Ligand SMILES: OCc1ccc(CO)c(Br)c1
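Taking the form deposited without the named molecule, here's one chain by itself in structure tokens.
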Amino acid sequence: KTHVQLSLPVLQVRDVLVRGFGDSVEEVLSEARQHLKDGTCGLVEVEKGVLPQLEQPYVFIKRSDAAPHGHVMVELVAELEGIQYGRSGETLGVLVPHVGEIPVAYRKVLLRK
């Protein structure tokens, strides 16, 4: 399928144990997609002071359209030193590995895969 229905655990930035997916734009997008497929991906909602507490490169989920079955259609955009790789809509948050942190909520998304 070109899209996959996912429910992403929303983590508080100070709980996150693994604060990024790797060391290159290509690696973080790769690893983010693998964790999304394996159900081991969390979401941190972006507010003042969140991103400096996470590791670059960043992987964002961004709204790709204006929401089947409650699931917002999203795609991945990476960012490294202020340059984004991808073009999409509003940020829903930044993806991080999930290694068992307790979430505060779930974000239903339809991921363009």
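Residues carry their position along the shown sequence, with the first being 1.
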Unmodelled deposited residues flanked by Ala66 on one side and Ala67 on the other
1 to 3
Tell me which of 69-77 and 35-43 has the higher mean C-alpha B-factor in the deposited entry.
69-77
For the listed residues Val104, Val96, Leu92, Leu17, which one has the largest C-alpha B-factor as given in the deposited model?
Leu92
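A second form of this protein, the form deposited with the named molecule bound, is not displayed here; the remarks below concern that form.
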Is this site open or blocked for the named molecule? Place it by superposing the surrounding C-alphas onto its pose in the deposited bound form, then apply the 2.4 Å backbone/C-beta contact test with a threshold of 3 atoms.
open
Is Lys113 close enough to touch the named molecule in the deposited bound form, meaning at least one heavy atom pair within 4.5 Å?
yes
Considering only heavy atoms, tell me if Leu43 and the named molecule come within 4.5 Å of each other in the deposited bound form.
no
Taking the shortest heavy atom distance, is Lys37 within 4.5 Å of the named molecule in the deposited bound form?
yes
Applying a 4.5 Å heavy atom distance criterion, does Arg63 contact the named molecule in the deposited bound form?
no
Along 8-31, which positions have a non-hydrogen atom within 4.5 Å of the named molecule in the deposited bound form?
none
